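J.: here is the sequence, then the experimental structure:
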Amino acid sequence: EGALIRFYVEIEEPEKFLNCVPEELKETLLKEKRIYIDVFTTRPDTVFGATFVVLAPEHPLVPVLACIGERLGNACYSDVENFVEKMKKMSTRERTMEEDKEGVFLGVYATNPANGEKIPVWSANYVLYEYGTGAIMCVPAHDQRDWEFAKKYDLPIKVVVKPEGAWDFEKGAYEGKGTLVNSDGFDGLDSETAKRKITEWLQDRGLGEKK
């Protein structure tokens with residue numbers, strides 16, 4: 001149980017980037033000026049708290065988005081390539097026995113469909129291609145794996161599920177239930193209710209589905 005959520009990289013001048021993308025993505029790029037990054041989440045109640053996106057190293061969009069990020073002057077393509085190559089060699093245990101999460105910035109920013117914020121797209125070892133779509137939204141305030149990655153790479157922490165009791169978000173992620181904050185029209189909702197309400201809203205807009 002969860003939601004597919006359609007994040008997307010907006011591309012204002014598609015002709016400048018056409019050679020970064022395969023034929024299969026060209027239609028959407030030219031017509032919609034977007035490259036979609038579909039994520040699966042069991043926490044759609046936290047979507048407003050997404051401060052970055054992570055693709056598994058083997059995700060087909062990694063070279064596509066890195067090509068674009070190089071083209072924008074934001075990414076080091078060789079850094080990305082070296083990371084993917086290193087990851088081909090690492091076992092599941094070696095990628096998830098986390099005493100130093102590893103990732104690389106792809107140089108592009110995905111638009112969050114919930115709030116329109118532009119958030120950086122990374123690839124990282126701790127995200128397995130086999131989980132969901134192989135790309136995740138990262139909510140360091142409420143996901144411990146994401147919190148640790150954000151700590152290492154200096155990424156923003158945004159609280160969207162407020163616990164009733166005290167919590168120092170500068171010490172760990174709060175993974176439990178609460179009421180929404182920083183969630184625009186969904187502010188004040190209990191987080192379980194918000195899972196449904198947010199998912200239906202995205203689905204109504206063609207930017208998500210119950211899954």
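T.: Nice, I can see it. Residues are numbered from 1 along each chain as shown.
J.: find the helix or strand that the residue in the chain sticking out farthest from the centre is a member of.
T.: Largest separation from the mean C-alpha position in the chain: residue 165, at 27.9 Å (CA atoms, centre = their mean). Under the criterion DSSP states H and E, no helix or strand holds residue 165.
J.: again, but for residue 133
T.: Assigned by DSSP H and E, residue 133 belongs to no helix or strand.
J.: which stretches of this protein form strands?
T.: Taking DSSP state E as the criterion, the chain contains strands spanning 3-10, 34-41, 52-55, 103-111, 118-124, 135-138, 161-162, 179-180, 208-210.
J.: what are the ranges of the helices in the protein?
T.: For the chain, the helices defined by DSSP state H cover 23-32, 61-71, 77-88, 92-96, 144-153, 191-204.
J.: can you list the ones you listed in a markdown table and add mean neighbour count and distance to residue 42?
T.: In this view, the C-beta of every residue, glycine as well, is placed from N, C-alpha and C. A markdown table is the format used below for the helices of the chain (neighbours: other CB atoms under 10 Å; distance: least, CB to CB, whole Å):
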| stretch | mean neighbour count | distance to residue 42 |
| --- | --- | --- |
| helix 23-32 | 12 | 27 |
| helix 61-71 | 22 | 22 |
| helix 77-88 | 15 | 24 |
| helix 92-96 | 12 | 18 |
| helix 144-153 | 19 | 13 |
| helix 191-204 | 18 | 9 |
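J.: now tabulate the strands of the chain in a markdown table and tack on distance to residue 72 and mean neighbour count.
T.: Output for the strands of the chain, formatted as a markdown table (distance: least, CB to CB, whole Å; neighbours: other CB atoms under 10 Å):
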| stretch | distance to residue 72 | mean neighbour count |
| --- | --- | --- |
| strand 3-10 | 10 | 21 |
| strand 34-41 | 13 | 21 |
| strand 52-55 | 16 | 25 |
| strand 103-111 | 6 | 23 |
| strand 118-124 | 12 | 22 |
| strand 135-138 | 19 | 26 |
| strand 161-162 | 33 | 22 |
| strand 179-180 | 33 | 22 |
| strand 208-210 | 27 | 17 |
